[PDB]
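One chain follows as structure tokens, the form deposited in one PDB entry.
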């Protein structure tokens, strides 16, 4: 009878745990399609070209390793806001925002959730869409907020349930908090259409809800950054002051470096100052100050003209390749002789495909084929290469035949 005799065996993460299990398999044909991690055409981890150069520049300058301010590297912070907001933005121009370096997308999301728990005096409820990324639940839950839901996906039709979305949203009590995915909804891969977004704007405005945007995929939904930041920007110019979280984990392939940011759109630059003051005070007793490596790299990329442009060609290429795997998947499916309609695969955007397979099929997939994916039918098509798209298709077919 020690201190921890009562502490039970908790279970492995529904997403991250997939990597653990996959690591242990001895099947040489094994594929890891759980976590959304981009792979090159050879099925290998990919460090962008522009990253490798930023690194080299950092190297040559012999930089120190001194602590960074509590709010992060200034230049990285100003650059992320600019990247979300667009340079011509009044909010940006006018200085009505505060952006603070965060521990990637998760980190930022949690700093924001914590901030809210502490200063958002009007409500303890966060409305997530059905379905949403597994991690959103616990991030909000450990921060001290309550979780709610709004209809989103319609599995019958493999699409956005606009009517239910609007119904639900039109009834959320005023002054509540709503989480919206900026683009490339995870895990459905289905986004609202522009016109649809204009409509959502109205209701949010109308009901006076705090819009919380999660932007983990800028440049992966269409291959264009500005285009992918459309909705977010439209909300702001309609007069909706949102809170926003950013990740550079996927779009810059900086996964383990942990670079990201959390932003608040305020009334003036004076309000922005006070908010800043309080966010610092939250972060201090959390981790004191943030990791410098991913922030140093990103800043250099974003702030260096040639590096920025190279990066944009690189994002396009990754997005394109994903499209090619989608196409090929479907086609092989037919070739294998599938009866089913696999149109959703090519219809969805981003890193994944919300396939539809049941959990018994997921089980067989891993066991007979050593293909690892999440139990909800989600697969990371980003981790598929030209050499194993055939293998994938064949399996999908066998277990579905």
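Positions refer to the first chain, counted from 1.
Taking only CA atoms, the mean B-factor in the PDB entry is higher for 306 to 314 than for the other of 69 to 77 and 306 to 314.
When 265 to 273 is weighed against 113 to 121, 265 to 273 comes out higher, by mean CA B-factor as recorded in the entry. Per the PDB entry, 193 shows the highest C-alpha temperature factor of the residues 233, 151, 136, 193. Take 324, 247, 226, 186 and read off each C-alpha B-factor from the entry; 324 has the highest.
The PDB entry assigns residue 56 a C-alpha temperature factor belonging to the highest third of its chain's modelled residues. Annotation for residue 41: CA B-factor lies in the highest third of the chain's modelled residues. Among the modelled residues of its chain, residue 180 has a C-alpha B-factor that falls in the lowest third according to the deposited record. Remark: residue 385 belongs to the middle third of its chain, ranked by C-alpha B-factor as recorded. The PDB entry assigns residue 102 a C-alpha temperature factor belonging to the lowest third of its chain's modelled residues.
Not pictured, yet referred to below: the form deposited in another entry.
Domain assignment between this form and the one not shown: residue 172 and residue 72 are placed in one and the same rigid part, by better superposition fit of each C-alpha.
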